[PDB]
Amino acid sequence: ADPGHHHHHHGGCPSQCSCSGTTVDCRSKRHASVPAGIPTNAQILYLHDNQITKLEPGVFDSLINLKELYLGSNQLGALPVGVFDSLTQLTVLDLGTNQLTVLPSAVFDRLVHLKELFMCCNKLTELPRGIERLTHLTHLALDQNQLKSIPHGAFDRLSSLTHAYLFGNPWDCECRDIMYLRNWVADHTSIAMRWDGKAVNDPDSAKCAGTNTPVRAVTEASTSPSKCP
Ligand SMILES: [Mg+2]
């Protein structure tokens, strides 16, 4: 797939990247921004393990054939409105290990066919809503954030989920609103995963803040509405 030259691309291959077929690999090369001149036939784009602190609006608009986008292990503190809107063929998106605190409300809306969404190891304090409408998701990773609860009904349209990673969040099990997540895990133990170089089925991966007991085992009697924020 790498022909040993860069003649297949009108703009050549971006500096400090490698190009192989429709794969553009810019990993681990101290990039502080997305490199210019990424080939528009690109299907897989590796931008992970760099020092990207921000994305310019529109930076990906030309990459209409992109299937997989890896932005993990950068220093993203925010995302621009609409930054993924052109990527309507995208099936894998990795935003893990950044510094994201909030996301634009509609940031995932045009990724109607997304299959795998990885957002571990950020600073998220609430579920990005409308992950709710990503009905083709098989993989959802929210582990090691600061999530306290899941809005009632948030996962109910995700009928293709096979792998959910929720480990390492301070789930607020004293608050009676936890019961949606409690019941959802108990109903979906088969898809409760933790990662150890492979997917491990572990229904106790989601645990309560403080007590570290399994979220799925919470009793409604132990909860209270007045312990909610
Ligand atoms: Mg040429």
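What the deposited record gives as its method is X-ray crystallography, and the resolution it gives is 1.6960 Å.

(A) Local environment of the layout of surface pockets. Of the volumes computed, that of the largest pocket is approximately 320 Å³. Together, 15 residues line the largest pocket, and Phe118, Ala141, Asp143, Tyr165 and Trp195 are the ones closest to its centre. Listed by contribution, the elements that provide at least two residues to the lining of the largest pocket are β7 (139–141) and β9 (192–195). At 3 residues, β9 tops the list of elements feeding residues into the lining of the largest pocket. Partitioning the lining of the largest pocket into residue classes produces 9 nonpolar, 3 polar and 3 charged. Approximately 250 Å³ is the volume attributed to the second largest pocket. For the second largest pocket, the lining is made up of 14 residues, of which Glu126, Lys148, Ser149, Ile150 and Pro229 are closest to its centre.

(B) How the structure looks around the side chain of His163. Relative to the assigned elements, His163 resides in strand β8 (residues 163–165). Side-chain polar atoms of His163 contact the side chain of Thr162, separated by 2.7 Å. When sequence neighbours within four positions are dropped, the list of residues in contact with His163 reads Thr138, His139, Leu140, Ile191, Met193 and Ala199.

(C) View of the pattern of salt bridges. In the structure shown here, the tally under the stated rule is 6 salt bridges. Residue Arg176 is joined to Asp177 by a salt bridge in which the shortest nitrogen-to-oxygen separation is 3.7 Å. Taking relative accessible area as the criterion, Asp177 reaches 38% and is therefore assigned partly exposed.

(D) Structural context of the nonpolar core. One finds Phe60, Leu69 and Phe84 to be the most contacted residues of the largest nonpolar core, which totals 61 residues. Ranked by residue count, the leading element in this core is helix α1 (residues 179–187), at 5 residues. Discounting chain neighbours no more than four positions away, the residues touching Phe60 are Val34, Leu45, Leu47, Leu55, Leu69, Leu71, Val83, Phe84, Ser86 and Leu87.

(E) Molecular detail of α1. If you check which residues of α1 are buried, you get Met179, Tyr180, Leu181, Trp184 and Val185. As for α1, its buried residues are in contact with β8.

(F) Region of the structure containing empty space enclosed by the protein. Taken as a whole, the largest cavity spans an internal volume of roughly 50 Å³. Lining the largest cavity are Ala164, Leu166, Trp184, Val185, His188, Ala192, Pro203, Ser205 and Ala206.

(G) Fine view of the state of the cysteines. The full count for this structure, using the stated rule, is 5 disulfides. For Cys13, the disulfide goes to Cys19, at an S-S distance of 2.1 Å. The S-S bond linking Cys13 to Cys19 shows a torsion near 95°; that makes this disulfide right-handed. On the basis of relative accessible area, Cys13 is assigned to the buried category, the value being 14%. By relative accessible area, which is 3% here, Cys19 ends up buried.

(H) Structural context of the packing of aromatic side chains. In the structure shown here, the tally under the stated rule is 4 aromatic pairs. Judged by centre distance (6.5 Å) and plane angle (15°), the rings of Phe60 and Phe84 are stacked. Placement of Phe60 in the loop between β3 (44–46) and β4 (68–70) and of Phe84 in the loop between β4 and β5 (92–94) is noted, with a sequence separation of 24 residues between them. Just as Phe60 is buried, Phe84 falls in that class too. Residues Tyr165 and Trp195 carry aromatic rings whose centres are separated by 6.3 Å and whose planes lie at 70° to one another, so their mutual orientation is edge-to-face. Of the two residues, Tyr165 is situated in strand β8 and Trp195 in strand β9; the sequence distance between them amounts to 30 residues. For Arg27, the ring lying beneath its charged end belongs to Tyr46, and the centroid distance is 4.5 Å.

What counts and how
Residues numbered from 1 in each chain as written, not as in the entry; some residues may be left out. Heavy atoms only, no water. Residues with missing side-chain atoms left out of burial classes, pairs and counts. 1 Å grid on protein atoms, 1.4 Å probe; cavity = no way out; pocket = protein on both sides within 12 Å on 5 of 7 lines; lining within 4 Å. Points joined across faces, edges and corners; volume = space filled by probe spheres on them. Helix = DSSP H or I, 4+ residues; strand = E, 2+ residues; numbered from the N terminus. Nonpolar A, V, L, I, M, F, W, Y, C, P; charged D, E, K, R; others polar. Polar contact = N/O pair within 3.5 Å; in protein donor to acceptor, adjacent residues only side chain to side chain. Contact = heavy atoms within 4.5 Å. Salt bridge = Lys/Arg side-chain N within 4 Å of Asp/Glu carboxyl O. Buried < 20%, exposed > 50% of the residue type's maximum accessible area, 1.4 Å probe, protein only. Core = buried A, V, L, I, M, F, W, Y, C linked by side-chain atoms within 4.5 Å. Disulfide = S-S within 2.5 Å. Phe/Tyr/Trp six-rings, centres within 6.5 Å; stacked < 30°, edge-to-face > 60°. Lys NZ or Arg CZ within 6 Å of the ring centre and 35° of its normal.

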